[PDB]
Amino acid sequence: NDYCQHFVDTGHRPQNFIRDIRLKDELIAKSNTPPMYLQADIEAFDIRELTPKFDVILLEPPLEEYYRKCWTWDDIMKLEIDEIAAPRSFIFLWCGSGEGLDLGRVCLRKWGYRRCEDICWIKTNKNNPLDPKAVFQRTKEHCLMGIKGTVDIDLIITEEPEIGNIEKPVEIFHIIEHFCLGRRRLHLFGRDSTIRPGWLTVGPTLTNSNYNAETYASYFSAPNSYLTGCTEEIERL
């Protein structure tokens, strides 16, 4: 059965027809720092104030293409991500499906990472059967994984969200957390709706803030400076 032909015939995307650990999530949840968040206009904001250096950065700038303030790849590329990333650390960069697939890789290289996974968010249209340069209908987005220093699959499948909904699948958080990469986790351009235990969310649309660098850093003082996020908390007194 040719699902490409079927989509030409009927409009049902080929991905519509793809068919179809607990203890770990529990250790992740016990290990999680309280959610912390900070309203900041990131164009105007000195990210160096975000300390300590992060083990994981999730970067979700609002691209023009999500809306059919927007950030161009010009703005993104000028972010000083490398000044807040721990010497060994990871980045997850949402790149969309256009030129971001190329310009996001330049970014990763500019900030000192190499790509090790290309995670694809494939969008079904079961409930509802173009860029000028596009050759094809674009039905997916890419989240690039980068590493600097020395169970899950690289696909997320969900239904296409309603128009004007720019939220990315919460599954990206489970994939990141299941890598057990460290507990300093930063979400740049997160939102009220994305705040989440074990994460520091920084974005311009947050309506409240509770971030305090000293308080935040106290979650990772000894004996907890090197925990992976997937181990039992270290016993005290």
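In case it trips you up, residue 1 is the first one in the sequence shown, and so on.
Where coordinates are absent for parts of the deposited sequence, a chain break appears; between neighbours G164 and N165 there is no such break. In this entry, 39-47 has the higher mean Cα B-factor, the comparison being between 183-191 and 39-47. For the pair 222-230 and 209-217, the record assigns the higher mean C-alpha temperature factor to 222-230. Remark: of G96, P129, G112, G104, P129 shows the highest value [criterion: C-alpha B-factor in the PDB entry]. Sorting the modelled residues of the chain by their CA temperature factor places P87 in the middle third. Among all modelled residues in its chain, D152 ranks in the highest third by Cα B-factor. In this PDB entry, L27 carries a Cα temperature factor that places it within the highest third of its chain's modelled residues. When the CA B factors of the chain's modelled residues are split into thirds, the value for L200 lands in the lowest one. Residue-level temperature factors show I175 in the middle third of its chain, judged at the C-alpha atom.
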